[PDB]
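Visitor: Have a look at the structure that comes next, please.
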Amino acid sequence: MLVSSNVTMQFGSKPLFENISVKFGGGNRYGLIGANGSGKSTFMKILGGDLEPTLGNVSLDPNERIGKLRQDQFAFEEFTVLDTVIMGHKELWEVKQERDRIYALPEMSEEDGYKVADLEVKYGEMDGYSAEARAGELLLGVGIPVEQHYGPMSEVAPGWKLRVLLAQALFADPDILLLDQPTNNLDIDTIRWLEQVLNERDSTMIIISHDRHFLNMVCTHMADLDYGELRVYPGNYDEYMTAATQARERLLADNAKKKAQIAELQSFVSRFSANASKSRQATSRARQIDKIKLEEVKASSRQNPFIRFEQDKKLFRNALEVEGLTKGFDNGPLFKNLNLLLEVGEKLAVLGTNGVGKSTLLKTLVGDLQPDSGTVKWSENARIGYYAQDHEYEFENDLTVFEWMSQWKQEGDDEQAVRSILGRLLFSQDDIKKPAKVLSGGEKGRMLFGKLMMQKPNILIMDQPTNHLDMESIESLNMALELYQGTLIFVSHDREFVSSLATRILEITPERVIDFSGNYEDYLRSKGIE
Amino acid sequence: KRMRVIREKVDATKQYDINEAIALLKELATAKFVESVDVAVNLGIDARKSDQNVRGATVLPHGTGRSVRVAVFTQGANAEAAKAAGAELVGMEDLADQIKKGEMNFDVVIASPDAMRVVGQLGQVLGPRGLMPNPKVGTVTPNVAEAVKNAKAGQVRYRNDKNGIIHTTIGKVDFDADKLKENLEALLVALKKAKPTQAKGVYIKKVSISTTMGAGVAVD
Amino acid sequence: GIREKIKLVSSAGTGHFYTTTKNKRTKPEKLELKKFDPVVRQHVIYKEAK
RNA sequence: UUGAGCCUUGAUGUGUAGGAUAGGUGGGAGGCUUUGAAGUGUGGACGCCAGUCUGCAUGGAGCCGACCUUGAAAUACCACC
Ligand SMILES: Nc1ncnc2c1ncn2[C@@H]1O[C@H](COP(=O)(O)OP(=O)(O)OP(=O)(O)O)[C@@H](O)[C@H]1O
Ligand SMILES: Nc1ncnc2c1ncn2[C@@H]1O[C@H](COP(=O)(O)OP(=O)(O)OP(=O)(O)O)[C@@H](O)[C@H]1O
Ligand code: NA
Ligand code: NA
């Protein structure tokens, strides 16, 4: 049983979680849910053994192995696919690193004859012969080509190369699996495959995610990272929901009862205890208030970001006009001669399903030049806000959080406004002093909203605006973005968001481009799919 | 059929005697064959850890009753000494790569610490069948002439299944009872010696002796 | 109160430790001071733990 | 009526590329089937749905290893699991 004792990690000024001591394993699957800025990923890489915790320890049996899904894409670009998907079993890979390095220099002397001769028995007893073809029909299950998965790791297009890293996680038949944010920005069919395959093997995966479906399919227990503690609720996602809600509501009712019978007692203590001839009748109750002692209540970490988008100078008639749209890089033109026109106030839901130009069209519209389209045009007083799916480049800088937000304080906005626009986002001056590139995916996404607020743009463009974001920071978007009076072009990969937010629909089919007016419900009825 | 009528002829739960079991094997052997009989012993270990594996090789006192065409993978002085050792292979870079390129395999792999041609030429075939020399198994040894005796005298090798059961041929049905007895005993003793350090519990949990086509029974 | 106790374990290999107090809100990282280790009688580096 | 466990018995554990739903060993390579077949007369169970398991037999005495593409070989069959 992989066990952890009294971790108490402190990042900056307040512990994300303190004195956690818990056992894991036993062949169960544990969800790891919590609020978007609750340090769950920090706990995960503490548990794996990457970074040492502030306090306490984490012990795992040395023979039993861990497999963690890392986000370091193109960290393996130098060498090919079929060995980078194998090198995730570190014990059998150093074997090859020694086998293919000792051999080269001539010749196999009488230290080779016993350092490399019985090195191949390590290959045999780690099953090195059935390595590629056991990983071949795992990379094929993922969907990284079918027979072409080979050559330099730069050969596979960076659109979906991270599926190699995903398949690297469970190839080794690992007991402990620690997949972290497994299916962010990912499709649905390969998610179906992952859900079906995860529970085929008998391991002890700890899975951190925010969608209900994945957790319910592949979970057996859940852990929270709320209120600075993880307490394990057995069951499923709905079971955790009902358990947490019921327990918190009963606590906030026990509190009511204790408050009532403390206030009534204190009333008597205040009336008496100063009377000249009845003073000693308040002291049988002064000592009884000292025995009720309502239990500590800690603020829930969920919260709600008060996101409010406001236009600066509204525009009229056509927002944009685009004609000539044709562009292709390797396979051919993803979209050929696409014509659309957007009136002001329109909302577009341009969904693509994993690699049809669903993001590069938005990149062209915001400006990524050299298309065949010669008639892309914006409105005149147009101000554009952009949410690209890659938040890494905007944070590849050593700027602190607040000063980074202060790149765009408009003429009239001060320290007070630039800091209230993130205080509104429940960011603390506690965290105002930290470097920008150290924030989680959801925290970076919300900071990007804190930047979208400043420009007050009359056009909004979002490319999967909800990614690594929890339930509440998606609900705030659903209830704030709908009250925005400017133009909106977005692509939410999920279904409920587009069905409840769309006004017009425009998807790039792998050979052509569609167009339709009416939300995703009516589009679903037109398609025939329920 | 035969195996619907001998299923009642042999009992599974009852543990037979060492001599009585082999007598039953000889009386159950029907199909025309040399029928090299084997024994599977359930070693009590866990395969999840590399330190508890039992990879070994030992010489039987009577022998298996068959000969193996072991290939000497050597070179230089080592590859030249094996010529008069009564082997069935020649150790050289060309005879290994090109010669073994179409060739299937040999019974054993000669120890070639002097040459540099029998290291990885096996590839998928020379390792998939476990034909590579190893120091623990004695396949990769400096005394080619001495290892010739193990190659020709029945140097039986044994390695664990991914569960922890070691099975190997103990002889042929033509062998006599008082010879098969000591033949099995020698392998059992070699396993007892080869037992690893942290092998908790009782290590020999069952000794299932059997033939190729006959039945399989316990003896102790 | 807010400033609680830590100990600076010795990085000379032996079991020795100075004791100090550190404000864990402002400083979230460890302490690194060169302090005299009397078991080995030389100035080594003294990391903090507990 | 049903839980928990054990002995025994019997089924199931395919992509590719290959004849084809090959678990690992490795014993062997020629054995199974006529105290009644490969295929045919015919149900149900399982299923990545292409296929396996299964009453008997009018007729029945004939099917599977060698080749082959594979990291590896085949209910030719038994073993310990
Ligand atoms: N270098 C740092 N200094 C200070 N605080 C940091 C640093 N790195 C991370 N943090 C904090 O640690 C927490 C990390 O949270 P975590 O990464 O688990 O978020 P998450 O969005 O739930 O996870 P993920 O998106 O990675 O799946 C945040 O509160 C963040 O502010
Ligand atoms: N610069 C490029 N070089 C090579 N191929 C590219 C390049 N840009 C895009 N592609 C490929 O063209 C297709 C366009 O994919 P795109 O970038 O639109 O992602 P998506 O999966 O549609 O959506 P999203 O990026 O929003 O998740 C993909 O197959 C991608 O691999
Ligand atoms: Na993280
Ligand atoms: Na994508």
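Chain labels follow the order of the structure tokens: the first chain is A, the next B, and so on; residue numbering restarts at 1 in every chain, and ligands are counted from 1 in their shown order.
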Once DSSP has gone over the backbone, tell me which residues of range 53-215 of chain B are in strand (DSSP E or B), as a PyMOL selection string.
Guide: chain B and resi 56-59+71+109+155-158+165-172+204-210
Visitor: Let's have the selection written as a PDB file, in the first residue's frame, with N, CA and C atoms.
Guide:
ATOM      1  N   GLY B  56      18.614 -21.577 -13.561  1.00  0.00           N
ATOM      2  CA  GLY B  56      19.713 -22.467 -13.250  1.00  0.00           C
ATOM      3  C   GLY B  56      19.940 -23.518 -14.312  1.00  0.00           C
ATOM      4  N   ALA B  57      21.024 -24.268 -14.127  1.00  0.00           N
ATOM      5  CA  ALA B  57      21.374 -25.367 -15.014  1.00  0.00           C
ATOM      6  C   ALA B  57      22.162 -26.400 -14.225  1.00  0.00           C
ATOM      7  N   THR B  58      21.801 -27.674 -14.377  1.00  0.00           N
ATOM      8  CA  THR B  58      22.484 -28.739 -13.649  1.00  0.00           C
ATOM      9  C   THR B  58      22.546 -29.997 -14.503  1.00  0.00           C
ATOM     10  N   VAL B  59      23.496 -30.863 -14.174  1.00  0.00           N
ATOM     11  CA  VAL B  59      23.718 -32.091 -14.927  1.00  0.00           C
ATOM     12  C   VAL B  59      22.997 -33.238 -14.235  1.00  0.00           C
ATOM     13  N   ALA B  71      25.437 -25.261 -30.645  1.00  0.00           N
ATOM     14  CA  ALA B  71      26.264 -24.466 -31.542  1.00  0.00           C
ATOM     15  C   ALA B  71      27.258 -23.663 -30.716  1.00  0.00           C
ATOM     16  N   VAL B 109      24.134 -22.643 -26.550  1.00  0.00           N
ATOM     17  CA  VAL B 109      24.968 -21.581 -27.103  1.00  0.00           C
ATOM     18  C   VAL B 109      26.312 -21.630 -26.390  1.00  0.00           C
ATOM     19  N   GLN B 155      22.941 -31.145 -19.712  1.00  0.00           N
ATOM     20  CA  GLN B 155      22.951 -29.996 -18.819  1.00  0.00           C
ATOM     21  C   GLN B 155      21.576 -29.350 -18.848  1.00  0.00           C
ATOM     22  N   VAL B 156      20.647 -29.906 -18.070  1.00  0.00           N
ATOM     23  CA  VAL B 156      19.268 -29.441 -18.089  1.00  0.00           C
ATOM     24  C   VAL B 156      19.200 -28.037 -17.506  1.00  0.00           C
ATOM     25  N   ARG B 157      18.555 -27.137 -18.235  1.00  0.00           N
ATOM     26  CA  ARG B 157      18.325 -25.774 -17.793  1.00  0.00           C
ATOM     27  C   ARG B 157      16.901 -25.637 -17.272  1.00  0.00           C
ATOM     28  N   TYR B 158      16.709 -24.721 -16.328  1.00  0.00           N
ATOM     29  CA  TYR B 158      15.374 -24.472 -15.810  1.00  0.00           C
ATOM     30  C   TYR B 158      15.203 -23.002 -15.453  1.00  0.00           C
ATOM     31  N   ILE B 165       6.463 -21.821 -11.395  1.00  0.00           N
ATOM     32  CA  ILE B 165       6.502 -23.267 -11.564  1.00  0.00           C
ATOM     33  C   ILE B 165       7.602 -23.605 -12.557  1.00  0.00           C
ATOM     34  N   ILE B 166       8.503 -24.495 -12.157  1.00  0.00           N
ATOM     35  CA  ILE B 166       9.641 -24.891 -12.977  1.00  0.00           C
ATOM     36  C   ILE B 166       9.380 -26.298 -13.480  1.00  0.00           C
ATOM     37  N   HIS B 167       9.292 -26.456 -14.794  1.00  0.00           N
ATOM     38  CA  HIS B 167       9.088 -27.767 -15.388  1.00  0.00           C
ATOM     39  C   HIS B 167      10.208 -28.075 -16.363  1.00  0.00           C
ATOM     40  N   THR B 168      10.646 -29.329 -16.350  1.00  0.00           N
ATOM     41  CA  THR B 168      11.709 -29.769 -17.238  1.00  0.00           C
ATOM     42  C   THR B 168      11.613 -31.272 -17.427  1.00  0.00           C
ATOM     43  N   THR B 169      12.207 -31.738 -18.519  1.00  0.00           N
ATOM     44  CA  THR B 169      12.224 -33.159 -18.829  1.00  0.00           C
ATOM     45  C   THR B 169      13.156 -33.902 -17.883  1.00  0.00           C
ATOM     46  N   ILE B 170      12.665 -35.001 -17.315  1.00  0.00           N
ATOM     47  CA  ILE B 170      13.446 -35.800 -16.377  1.00  0.00           C
ATOM     48  C   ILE B 170      13.903 -37.121 -16.981  1.00  0.00           C
ATOM     49  N   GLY B 171      13.461 -37.455 -18.182  1.00  0.00           N
ATOM     50  CA  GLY B 171      13.888 -38.679 -18.822  1.00  0.00           C
ATOM     51  C   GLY B 171      12.851 -39.134 -19.828  1.00  0.00           C
ATOM     52  N   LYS B 172      13.048 -40.352 -20.314  1.00  0.00           N
ATOM     53  CA  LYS B 172      12.136 -40.978 -21.255  1.00  0.00           C
ATOM     54  C   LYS B 172      11.486 -42.197 -20.616  1.00  0.00           C
ATOM     55  N   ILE B 204       8.635 -25.927  -2.069  1.00  0.00           N
ATOM     56  CA  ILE B 204       8.168 -27.007  -2.929  1.00  0.00           C
ATOM     57  C   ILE B 204       6.737 -27.321  -2.508  1.00  0.00           C
ATOM     58  N   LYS B 205       5.779 -26.717  -3.207  1.00  0.00           N
ATOM     59  CA  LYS B 205       4.372 -26.897  -2.894  1.00  0.00           C
ATOM     60  C   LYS B 205       3.739 -28.056  -3.646  1.00  0.00           C
ATOM     61  N   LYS B 206       4.379 -28.545  -4.704  1.00  0.00           N
ATOM     62  CA  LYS B 206       3.891 -29.712  -5.428  1.00  0.00           C
ATOM     63  C   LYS B 206       4.963 -30.173  -6.400  1.00  0.00           C
ATOM     64  N   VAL B 207       5.016 -31.487  -6.612  1.00  0.00           N
ATOM     65  CA  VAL B 207       5.925 -32.111  -7.572  1.00  0.00           C
ATOM     66  C   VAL B 207       5.056 -32.959  -8.497  1.00  0.00           C
ATOM     67  N   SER B 208       4.642 -32.387  -9.623  1.00  0.00           N
ATOM     68  CA  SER B 208       3.777 -33.075 -10.574  1.00  0.00           C
ATOM     69  C   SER B 208       4.646 -33.721 -11.644  1.00  0.00           C
ATOM     70  N   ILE B 209       4.800 -35.019 -11.568  1.00  0.00           N
ATOM     71  CA  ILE B 209       5.506 -35.776 -12.593  1.00  0.00           C
ATOM     72  C   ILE B 209       4.492 -36.210 -13.639  1.00  0.00           C
ATOM     73  N   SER B 210       4.918 -36.275 -14.898  1.00  0.00           N
ATOM     74  CA  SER B 210       3.999 -36.600 -15.979  1.00  0.00           C
ATOM     75  C   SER B 210       4.793 -37.062 -17.191  1.00  0.00           C
TER      76      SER B 210
END
Visitor: Chain A residues within 8 Å of chain D, counting only C-alpha atoms (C1' of nucleotides): which ones, as a list in words?
Guide: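 Every residue of chain A that passes the 8 Å test is in residues 129, 130, 131, 132 and 133 of chain A.
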Visitor: For chain B against chain A, with a cut-off of 9 Å and counting only C-alpha atoms, what is the closest atom pair and its distance in Å to one decimal for every residue that makes the cut, ordered by chain and number, as a Markdown table?
Guide:
| residue | atom | partner | partner_atom | distance |
| --- | --- | --- | --- | --- |
| B:48 | CA | A:63 | CA | 7.9 |
| B:49 | CA | A:63 | CA | 6.4 |
| B:50 | CA | A:125 | CA | 7.9 |
| B:111 | CA | A:113 | CA | 8.3 |
| B:112 | CA | A:113 | CA | 7.1 |
| B:113 | CA | A:113 | CA | 4.5 |
| B:114 | CA | A:109 | CA | 6.2 |
| B:115 | CA | A:108 | CA | 6.6 |
| B:116 | CA | A:108 | CA | 5.0 |
| B:117 | CA | A:108 | CA | 8.5 |
| B:119 | CA | A:117 | CA | 7.1 |
| B:120 | CA | A:103 | CA | 8.8 |
| B:124 | CA | A:129 | CA | 7.0 |
| B:127 | CA | A:124 | CA | 7.6 |
| B:128 | CA | A:129 | CA | 6.8 |
| B:130 | CA | A:124 | CA | 7.8 |
| B:132 | CA | A:117 | CA | 7.7 |
| B:133 | CA | A:117 | CA | 6.4 |
| B:134 | CA | A:118 | CA | 4.8 |
| B:135 | CA | A:118 | CA | 5.9 |
| B:136 | CA | A:118 | CA | 7.7 |
| B:140 | CA | A:117 | CA | 7.1 |
| B:141 | CA | A:113 | CA | 8.5 |
| B:162 | CA | A:125 | CA | 8.8 |
Visitor: Identify, counting only C-alpha atoms (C1' of nucleotides) and all ligand atoms, the protein, DNA and RNA residues located within 6 Å of ligand 4, and give them as number ranges by chain.
Guide: A: 159-160, 185, 354
Visitor: Can you pull out every residue with an atom within 10 Å of ligand 2? Use only C-alpha atoms (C1' of nucleotides) and all ligand atoms and format it as a PyMOL selection string.
Guide: chain A and resi 155-161+184-187+327-334+350-363+388-390+462-465+490-493+508+510
Visitor: Of the residues C:34, C:25, C:50, C:41, which is the one nearest to ligand 1, using only C-alpha atoms and all ligand atoms?
Guide: C:25
Visitor: Please identify the residues whose atoms come within 9 Å of ligand 3, using only C-alpha atoms (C1' of nucleotides) and all ligand atoms, and report them as an MDAnalysis selection string.
Guide: chainID A and resid 39:45 180:181 438:441
Visitor: Quote the spacing between CA of residue 244 in chain A and CA of residue 199 in chain A in Å to one decimal place.
Guide: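 Straight-line distance from CA of residue 244 in chain A to CA of residue 199 in chain A works out to 25.3 Å.
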Visitor: With a distance cut-off of 12 Å and only C-alpha atoms (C1' of nucleotides), select the neighbouring residues of residue 197 in chain B, excluding the residue or stretch itself and same-chain residues fewer than 6 positions from it, and output the selection as a list in words.
Guide: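 Final neighbour list, sorted by chain and number: residues 45, 51, 52, 53, 54 and 203 of chain B.
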Visitor: Generate the output file for the selected residues, N, CA, C and O atoms, as a PDB file, in the first residue's frame.
Guide:
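Generated output (out-v8.pdb):
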ATOM      1  N   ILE B  45       7.502 -18.939  -4.701  1.00  0.00           N
ATOM      2  CA  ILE B  45       8.115 -17.623  -4.822  1.00  0.00           C
ATOM      3  C   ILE B  45       7.124 -16.719  -5.537  1.00  0.00           C
ATOM      4  O   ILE B  45       6.086 -17.165  -6.029  1.00  0.00           O
ATOM      5  N   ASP B  51      14.573 -10.562  -7.806  1.00  0.00           N
ATOM      6  CA  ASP B  51      15.547 -11.189  -6.923  1.00  0.00           C
ATOM      7  C   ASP B  51      15.181 -12.620  -6.565  1.00  0.00           C
ATOM      8  O   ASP B  51      16.064 -13.389  -6.173  1.00  0.00           O
ATOM      9  N   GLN B  52      13.913 -12.996  -6.689  1.00  0.00           N
ATOM     10  CA  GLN B  52      13.456 -14.318  -6.293  1.00  0.00           C
ATOM     11  C   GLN B  52      13.424 -15.312  -7.444  1.00  0.00           C
ATOM     12  O   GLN B  52      13.028 -16.460  -7.236  1.00  0.00           O
ATOM     13  N   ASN B  53      13.827 -14.910  -8.643  1.00  0.00           N
ATOM     14  CA  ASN B  53      13.792 -15.825  -9.771  1.00  0.00           C
ATOM     15  C   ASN B  53      14.868 -16.893  -9.633  1.00  0.00           C
ATOM     16  O   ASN B  53      15.911 -16.681  -9.012  1.00  0.00           O
ATOM     17  N   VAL B  54      14.599 -18.056 -10.210  1.00  0.00           N
ATOM     18  CA  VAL B  54      15.497 -19.204 -10.136  1.00  0.00           C
ATOM     19  C   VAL B  54      15.819 -19.601 -11.570  1.00  0.00           C
ATOM     20  O   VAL B  54      15.092 -20.368 -12.207  1.00  0.00           O
ATOM     21  N   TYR B 203       8.743 -23.814  -0.109  1.00  0.00           N
ATOM     22  CA  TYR B 203       9.076 -23.580  -1.505  1.00  0.00           C
ATOM     23  C   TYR B 203       8.556 -24.659  -2.440  1.00  0.00           C
ATOM     24  O   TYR B 203       8.057 -24.326  -3.518  1.00  0.00           O
TER      25      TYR B 203
END
Visitor: Taking only C-alpha atoms (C1' of nucleotides) into account and nothing else, which residues of chain D lie no more than 6 Å away from chain B? Please answer as a list in words.
Guide: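 Here is what falls inside 6 Å: residues 25, 27, 78 and 80 of chain D.
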Visitor: Those same residues - N, CA, C and O atoms (P, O5', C5', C4', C3', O3' and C1' of nucleotides) - I'd like them written as a PDB file, in the first residue's frame.
Guide:
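Result file follows (part.pdb):
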ATOM      1  P     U D  25       6.712 -18.251 -23.704  1.00  0.00           P
ATOM      2  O5'   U D  25       8.046 -18.835 -23.063  1.00  0.00           O
ATOM      3  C5'   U D  25       8.212 -20.228 -22.861  1.00  0.00           C
ATOM      4  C4'   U D  25       7.833 -20.636 -21.461  1.00  0.00           C
ATOM      5  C3'   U D  25       8.090 -22.087 -21.107  1.00  0.00           C
ATOM      6  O3'   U D  25       9.429 -22.317 -20.707  1.00  0.00           O
ATOM      7  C1'   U D  25       5.916 -21.471 -20.409  1.00  0.00           C
ATOM      8  P     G D  27      11.393 -29.015 -22.803  1.00  0.00           P
ATOM      9  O5'   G D  27      10.888 -30.330 -22.059  1.00  0.00           O
ATOM     10  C5'   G D  27       9.502 -30.590 -21.902  1.00  0.00           C
ATOM     11  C4'   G D  27       9.070 -31.760 -22.743  1.00  0.00           C
ATOM     12  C3'   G D  27       9.517 -31.706 -24.192  1.00  0.00           C
ATOM     13  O3'   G D  27      10.830 -32.206 -24.381  1.00  0.00           O
ATOM     14  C1'   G D  27       7.210 -32.183 -24.108  1.00  0.00           C
ATOM     15  P     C D  78      -5.830 -32.318 -24.215  1.00  0.00           P
ATOM     16  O5'   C D  78      -4.806 -32.533 -23.015  1.00  0.00           O
ATOM     17  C5'   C D  78      -4.811 -33.737 -22.267  1.00  0.00           C
ATOM     18  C4'   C D  78      -3.418 -34.236 -21.985  1.00  0.00           C
ATOM     19  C3'   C D  78      -2.714 -33.575 -20.817  1.00  0.00           C
ATOM     20  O3'   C D  78      -3.039 -34.201 -19.590  1.00  0.00           O
ATOM     21  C1'   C D  78      -1.298 -33.551 -22.705  1.00  0.00           C
ATOM     22  P     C D  80      -1.857 -31.332 -14.250  1.00  0.00           P
ATOM     23  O5'   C D  80      -1.102 -30.196 -13.436  1.00  0.00           O
ATOM     24  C5'   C D  80       0.144 -30.444 -12.807  1.00  0.00           C
ATOM     25  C4'   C D  80       0.844 -29.154 -12.478  1.00  0.00           C
ATOM     26  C3'   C D  80      -0.066 -27.991 -12.124  1.00  0.00           C
ATOM     27  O3'   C D  80      -0.459 -28.023 -10.765  1.00  0.00           O
ATOM     28  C1'   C D  80       1.592 -27.279 -13.666  1.00  0.00           C
TER      29        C D  80
END
Visitor: Measuring between only C-alpha atoms, which one of C:42, C:13, C:47, C:3 shows the shortest distance to residue 29 in chain C?
Guide: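 Of C:42, C:13, C:47, C:3, the one nearest residue 29 in chain C, counting only C-alpha atoms, is C:47.
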Visitor: Only residues of chain C matter here; which ones have an atom within 10 Å of chain A, counting only C-alpha atoms? Give them as a tab-separated table (two decimals) with N, CA and C atoms, in the first residue's frame.
Guide:
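Produced file result_20.tsv, reproduced below:
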chain	number	residue	atom	x	y	z
C	23	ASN	N	8.88	32.59	10.12
C	23	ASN	CA	7.53	33.02	9.73
C	23	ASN	C	7.14	32.28	8.46
C	24	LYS	N	6.25	31.31	8.58
C	24	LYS	CA	5.97	30.44	7.44
C	24	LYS	C	5.04	31.06	6.42
C	25	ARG	N	4.47	32.23	6.70
C	25	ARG	CA	3.67	32.91	5.69
C	25	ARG	C	4.55	33.60	4.66
C	26	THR	N	5.46	34.45	5.12
C	26	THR	CA	6.30	35.20	4.19
C	26	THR	C	7.32	34.29	3.51
C	27	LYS	N	8.02	33.46	4.28
C	27	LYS	CA	9.01	32.58	3.69
C	27	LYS	C	8.45	31.18	3.55
C	28	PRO	N	8.17	30.70	2.34
C	28	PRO	CA	7.70	29.32	2.17
C	28	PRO	C	8.80	28.31	1.90
C	29	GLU	N	10.03	28.75	1.67
C	29	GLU	CA	11.14	27.87	1.34
C	29	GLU	C	12.03	27.66	2.55
C	30	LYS	N	12.93	26.68	2.44
C	30	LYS	CA	13.75	26.27	3.56
C	30	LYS	C	14.78	27.34	3.92
C	49	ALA	N	14.59	21.01	8.46
C	49	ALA	CA	13.60	19.96	8.33
C	49	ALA	C	12.82	19.89	9.63
C	50	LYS	N	11.88	18.95	9.69
C	50	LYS	CA	11.09	18.67	10.89
C	50	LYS	C	10.29	17.39	10.69
Visitor: Closest to ligand 1 among A:471, A:251, A:325, A:260, using only C-alpha atoms and all ligand atoms?
Guide: A:471
